[PDB]
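Asks: Sending over a structure as structure tokens; questions will come in a sec.
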Amino acid sequence: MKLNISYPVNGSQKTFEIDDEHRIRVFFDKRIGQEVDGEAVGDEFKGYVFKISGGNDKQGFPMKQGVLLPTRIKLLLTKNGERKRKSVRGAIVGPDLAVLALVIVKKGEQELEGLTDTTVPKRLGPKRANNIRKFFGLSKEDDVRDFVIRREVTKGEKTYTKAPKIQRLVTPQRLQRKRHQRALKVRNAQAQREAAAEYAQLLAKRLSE
Amino acid sequence: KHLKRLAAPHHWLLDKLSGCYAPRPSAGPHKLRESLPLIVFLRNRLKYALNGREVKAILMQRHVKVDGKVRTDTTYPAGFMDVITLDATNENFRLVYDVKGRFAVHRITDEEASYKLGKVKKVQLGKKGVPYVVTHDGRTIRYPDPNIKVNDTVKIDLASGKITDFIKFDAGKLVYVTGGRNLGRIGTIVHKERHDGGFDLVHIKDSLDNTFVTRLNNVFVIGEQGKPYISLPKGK
Amino acid sequence: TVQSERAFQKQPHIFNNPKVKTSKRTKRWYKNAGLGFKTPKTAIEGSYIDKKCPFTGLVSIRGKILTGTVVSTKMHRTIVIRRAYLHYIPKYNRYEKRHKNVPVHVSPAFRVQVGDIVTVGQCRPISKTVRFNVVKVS
Amino acid sequence: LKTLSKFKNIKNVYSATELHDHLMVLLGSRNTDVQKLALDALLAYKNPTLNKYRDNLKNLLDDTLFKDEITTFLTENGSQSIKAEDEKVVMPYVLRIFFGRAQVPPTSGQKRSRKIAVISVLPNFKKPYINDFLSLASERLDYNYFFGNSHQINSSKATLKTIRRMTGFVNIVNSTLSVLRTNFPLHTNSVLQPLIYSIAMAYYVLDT
Amino acid sequence: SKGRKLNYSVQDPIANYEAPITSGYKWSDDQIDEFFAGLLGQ
Amino acid sequence: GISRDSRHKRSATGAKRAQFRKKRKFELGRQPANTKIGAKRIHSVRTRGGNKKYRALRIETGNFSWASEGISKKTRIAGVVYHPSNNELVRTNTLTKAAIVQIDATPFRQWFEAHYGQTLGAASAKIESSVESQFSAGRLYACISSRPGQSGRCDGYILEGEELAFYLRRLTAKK
Amino acid sequence: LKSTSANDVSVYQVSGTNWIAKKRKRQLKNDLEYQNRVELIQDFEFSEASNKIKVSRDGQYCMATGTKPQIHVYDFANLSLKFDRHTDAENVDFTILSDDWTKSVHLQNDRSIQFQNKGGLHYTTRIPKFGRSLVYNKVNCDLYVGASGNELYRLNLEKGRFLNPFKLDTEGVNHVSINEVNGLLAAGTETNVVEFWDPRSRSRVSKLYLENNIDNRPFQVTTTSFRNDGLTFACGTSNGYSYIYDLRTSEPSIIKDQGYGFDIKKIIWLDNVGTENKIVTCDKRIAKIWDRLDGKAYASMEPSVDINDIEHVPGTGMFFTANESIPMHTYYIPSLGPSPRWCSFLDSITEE
Amino acid sequence: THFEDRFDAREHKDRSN
RNA sequence: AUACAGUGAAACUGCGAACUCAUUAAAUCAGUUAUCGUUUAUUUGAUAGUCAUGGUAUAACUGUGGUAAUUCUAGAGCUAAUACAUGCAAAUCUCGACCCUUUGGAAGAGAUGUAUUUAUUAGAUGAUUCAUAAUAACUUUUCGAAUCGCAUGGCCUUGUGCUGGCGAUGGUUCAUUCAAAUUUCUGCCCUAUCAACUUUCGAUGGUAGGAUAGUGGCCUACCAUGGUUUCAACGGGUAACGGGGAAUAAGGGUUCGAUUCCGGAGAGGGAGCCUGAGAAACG
């Protein structure tokens, strides 16, 4: 059974293979979200703290958190909406799993190659101005325009730089739109006032006549 | 939603050899049976545009203004007492029915095109105690003259949507009939009566003293006796 | 007895105040039916409660106005009137009289016997087969 | 305030009475999050009588369950909400929570108009608790100095914020008077003196 | 009219919906009648 | 399901009308709202035109109006004591329009000692002997005037005067 | 998993209650405790409330009926909802004729009886008077319906015919039960008396008049329950009282008061489970399990929401209560008996 | 007893041919 | 382009997606009403005072894998909104004593969203318990622009303050238009070798309720008993691929063409359900 071990802070993840069922057998009879120390699995995994997160059957069927079975069952699942009957493997880890998904929570002393040692950055930076302020720790006085993340791509000799469009940003155009809406509602209130005024004086003229 | 060329109304006076499908009037101010689409008005009647693509080109180019404002829909319903302004030609048309019972244009001047007559189908008191009248084209006009009642005509300025003058329903007034077997007839009314197991019946006398009787909702007071507010086509 | 049924029979949205004694026994609401039909004095000072009454209920008279002779009055607050209209049969080459029976709701204000000419008017469907309500009794 | 709630032994911490009083002030503060954190701090204090009904106080602080909690807590015949012995301990907390709800600004929404229902729940309460609520309303307003200094206003004490506080107090008294009518308790130190002080301050600002 | 009175006819769909158990009850018939006779100390 | 069509109905002459049209959506009918006393559950039914109908399945409190004093207070609904249509509705406490139910008298009572200022149990302050006797037991008879299945609310008015006398004589006849 | 507190006995709530759901989803997104959760049966819920629940004798199907009025069948093999079938009216009481879910009889609120087959609804008939309780007798192929009137309606499903109803002295029958050993029929009338009938001779075997010393107010017999021996019989009366009778004698062996004052909706003898001589009596506040001989309180199950029905999986420790809330409550008592076959892994959760 | 009051295209159209 | 600014895959969002088989003569269809008895996506005309800008959760996208395998999948990592969630006392009026001073300024006294449910109180139309305006409440109760592109506006206060025009997409209620549902009367074969039919899915009404978009025996309680007719109710046959001036005609065929409505049901077969303004959906 392969072990798909992922460590979220680094973002770097790796799949290990263990032919010996004896080391695997500690994972047995435990459900998704239960927590295993790796010291039972192997000497190198001593100090590592693994949460069981997922798994797939030998037939490719996923493990569904919530059901207390080691066997496949037919459940009403959202299509992702009308629910559709689909087969899922249960949440309890059994012998008939081809891959078991494990998430590292605490790091052991002996480093693991390929996932603990290396790190991958996030693909996309924050677009919203408050998100940028939270990421860079900015005060209200500072501007996010010079502090936006700028990404450089080369196309031949020429170098091009692109930046995300700042959304929810205070602009003079936005201020003008808000002021224009306020002025429109005031103008309509005025117009209804002289509409009532001319109606009142017309009714008064007919009353006098 | 495809309307047949033979199923097109007689009011349009289309050529049957033109095409298989007639235009279907869009939703708007006038009902589908007594509407006249702008494509029919421009292409088959005014002959300005030869086919529907350049009809769409004209109504893109905003020369055609209907009732003051600009319409870009090809099948926009234009109906009775509608003023169509072609700004490139500076020619203004008023849509009136023919005596035979078909739509016809009338060349009108600018200060005549500035106003439009509408039949007050509803008088009611809206919210915040604001009186309103609902005319035959669907216009809602706030704060009318308190003398205005149902089935009276109001002269409406196109630029402001305001009632300048109004004509009261009364015997001995030149009315126009807008429905039924009597459609397209101009005449002053003899009287109004109630029909047992029926509706209000209006008895109208023509120029040749012939008497014809129609529904109350069919009539349209165009003016008092001897002074039509609008221009009228030749043939009376 | 106006209160014969198990539910309380009262005109909707009419409130007489128990605190203040009133000269009238009960506040009563009457509406002009229209079409030049006068509201009868039996409806004005009646104690009866009827939803379907054109003068003292929510039913309004609009549509056609008909006249007919009363045939049967067995059913409660309903009458069956007969209208005889002359018909032409081409194969017979002669006019032949035909009749149509119109079951009509009768208000308790009107008292009708068998053979009385009554004027009825159209209204919203009172029952499965009743669409007409009396408005004048001759 | 979250850290003060996460403290293990707030009672064993020093200045416990002053910290409790400041926690009640924070509960009387108008901000709902501040009220929630102050209620967490008082639950960390963990009086057994308050812990018996701690669910009801959290339900009252919650906006969605506010009316359902208030009706069941107020109606003693409807349900055995508060015991008579437990009423003495839990009454100041409910009074402070209702005061914090009533301190909310008027808004056309019914969720913020629920302050009217908060005022209308007061006929269910006994007269000393209504007097305590009026004392809380008159609190943060100074009138003893005015009634001591020969009924003369102080120019330094005169300020816009004093006028806002007096206006809020007068609005609370008006609502309480409307819901209580002839059963309203009128105490000369709790409600009567601040009203005369507010009228005198209004006269002084108008004369300015 | 609206089923307000019992109609003792044979309704076709419900007919032969299931079959009776021909073995009888758990107890013997004579014991059953004996228990019914002496039941509640009559 | 439930259809409100008339094609199954016999003609006036008595002819047996045979059906040739399937049941269609504009003739639809939904299941009745059996509405009991309980913690408030409301089921939101989408109707024709996108409008919403609120079914009340359990109602504990509702607004009840004292017409003579001109007030309306939110009171709990104790239980159904009488219903003109069915008696099994009274048996199973199904809230329904025109049902006579008992409400608690506490908010109206406190409003009375508040506003008139006299202990209940001058002439304008004096009220009816029957409602004064009802207040002693603490249960006021009231009639539900709001369709609970259609509206999601159980509103009513307190019975007063000859309507109250009629319903009390019907209650004494039933019991 | 957390156990509701009973003295020296652990009662676990596996599925149950403990706008609103919209805030609960936002809370559970952050909550790690609600991140991993145990759901025995998916969609083991009704939108507002659930009237009654029953478990098929085959053992792998559970049929329940709630409110739009619908019938839910849960397959224990797949641990999910098999199907949901809508009805024109709310269900008062229903029975399962077949071993599995295929054949069932539903007495609805609209004075009617509907026959649910596996393909769909099969037949709807209507009894003359509004019904309260339903029971089926196999060897006669007879269906007995207690109604508002004095007549107890009989419908022979073999011949397919309404038969002569049993005339009773007092109008109204709240519950009808049939002892499967003797064939006896017991009808609990609206008064204190219970009427005992023989279905073969179609005659009145006897009449039992209940008396309560503690309560002077009259009470209605609401529940009747027979045991597997045929000798004992339990009555549930609306004052909150359960009476245990030996059928030979005319006096109760024991009387148990729930103390809340509500009516008893269900009485269940726990004969199949290992600890025998226990009985469960259910009021809308609480369900109590106690020894029949001594009346010593063994366990208590108290949901926050009212109880409408309770069913016991035979030979196991679980109880399915149909309630007034959205989810039905499942209560596991390990000390009674083992967990069922289809959910054998719940013992590890209880240990955790 | 009832008047139709409808425009007739057959009556309006020329039929002399 | 030192925020983005051209064109734009994917994705999110929004709008649209309303042939076969069976034969009914007040049924259908054709007209004719009614909707003071109803629902509205759109169109058109009206309509709303009562923070220099909030918090997320994901797709596309990275990556690690499971399956013989599906538009199948699980674990870990990303960030957007006209997506989802959240959210802001002044001003206008009336009565204005008195002042001068007539237009006028003003001591002061007072007033003030919308929707839902119910109770109570006072402009249209032949006619209303209708419109509208109140009063006390009620709500798992709403709505009262945290949006977008073209212009760089006019002041002076050069504050980088004030606010500046054309347009998009929203949103409340009412009307209109588009439909639709019921409804009214008027009309179609042969036959007594077819005289009773209806309560045999309630038949005819009454009261109350449930239901529906709404009237209604549409359904349910309770209560009366009726309703249709030898003038043929009712029933049978009808080749009812029929008939309808429905339909343009027959621009000189003797009655003929051409067009339109057929009426219903199904989309392997029973049953239950869902989305929408509109379907008991060809999904």
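We number chain F the way Swiss-Prot does; in order, the residues shown are 2-122, 147-200.
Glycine residues also receive a Cβ, built from the backbone N, Cα and C atoms like all the rest.
Summarising the annotation, Swiss-Prot assigns phosphothreonine to F:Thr62, F:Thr107 and lists a large-scale study or a structure entry as the type of evidence. Swiss-Prot lists F:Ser66, F:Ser69, F:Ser73, F:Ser86, F:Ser154, F:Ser155, F:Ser158, F:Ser161 with the feature phosphoserine.
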Asks: Quick one: of F:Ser66, F:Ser69, F:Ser73, F:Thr107, which modified residues have a CB closer than 8 A to some CB in chain G?
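Replies: Listed in sequence order, the modified residues near chain G come to none.
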Asks: Please identify, among the modified residues F:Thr62, F:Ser66, F:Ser69, F:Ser86, F:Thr107, the one with the smallest Cα-Cα distance to F:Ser158 (phosphoserine).
Replies: F:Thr107
Asks: In DSSP terms, helix, strand or coil for F:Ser86 (phosphoserine)?
Replies: coil
Asks: Between F:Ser86 (phosphoserine) and F:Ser154 (phosphoserine), how many Å separate their Cα atoms?
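Replies: Roughly 29 Å, rounded to the nearest whole number.
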Asks: Output the one of F:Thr62, F:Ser66, F:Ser69, F:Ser158, F:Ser161 that, of all these modified residues, has the highest number of other Cβ atoms within 10 Å of its Cβ.
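Replies: Of the modified residues F:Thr62, F:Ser66, F:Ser69, F:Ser158, F:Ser161, the highest Cβ count within 10 Å belongs to F:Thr62.
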Asks: Going by C-alpha positions, which of the modified residues (F:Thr62, F:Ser66, F:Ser69, F:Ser73, F:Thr107) is nearest F:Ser154 (phosphoserine)?
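Replies: For F:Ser154 (phosphoserine), the closest Cα among F:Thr62, F:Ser66, F:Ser69, F:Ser73, F:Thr107 is found at F:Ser69.
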Asks: What whole-number Å value do you get for the CA-CA distance of F:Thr107 (phosphothreonine) and F:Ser161 (phosphoserine)?
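Replies: The separation of the Cα atoms works out to 11 Å.
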Asks: Work out the three-state DSSP category of F:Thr62 (phosphothreonine).
Replies: strand
Asks: Spatially speaking, which of the modified residues F:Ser69, F:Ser73, F:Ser155, F:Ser161 is closest to F:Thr62 (phosphothreonine)? Use C-alpha to C-alpha, please.
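Replies: Result: the closest of the modified residues to F:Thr62 (phosphothreonine) is F:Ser73.
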Asks: List, in sequence order, the same-chain residues at least six positions removed whose CB sits under 8 Å from that of F:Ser73 (phosphoserine)?
Replies: F:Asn64, F:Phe65, F:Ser66, F:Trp67
Asks: Taking chain D as the partner, extract the modified residues from F:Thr62, F:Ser69, F:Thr107, F:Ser154, F:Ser158 whose Cβ is under 8 Å from a partner Cβ; order them by sequence and answer 'none' if none remain.
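Replies: Out of F:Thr62, F:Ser69, F:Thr107, F:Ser154, F:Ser158, F:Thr62, F:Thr107 lie under 8 Å of chain D.
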Asks: If you draw a 10 Å sphere on the Cβ of F:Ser154 (phosphoserine), how many other Cβ atoms land inside?
Replies: 8
Asks: What does DSSP say about F:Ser69 (phosphoserine): helix, strand or coil?
Replies: coil
Asks: What does the structure give for the C-alpha distance between F:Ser155 (phosphoserine) and F:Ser69 (phosphoserine)? Integer Å is fine.
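Replies: Cα to Cα, F:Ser155 (phosphoserine) and F:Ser69 (phosphoserine) are separated by 14 Å.
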Asks: Rounded to a whole number, how many Å is the Cα of F:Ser161 (phosphoserine) away from the Cα of F:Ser69 (phosphoserine)?
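Replies: Cα of F:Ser161 (phosphoserine) to Cα of F:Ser69 (phosphoserine) measures 19 Å after rounding.
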Asks: Among F:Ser86, F:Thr107, all listed as modified residues, which has the most CB atoms within 10 Å of its CB?
Replies: F:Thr107
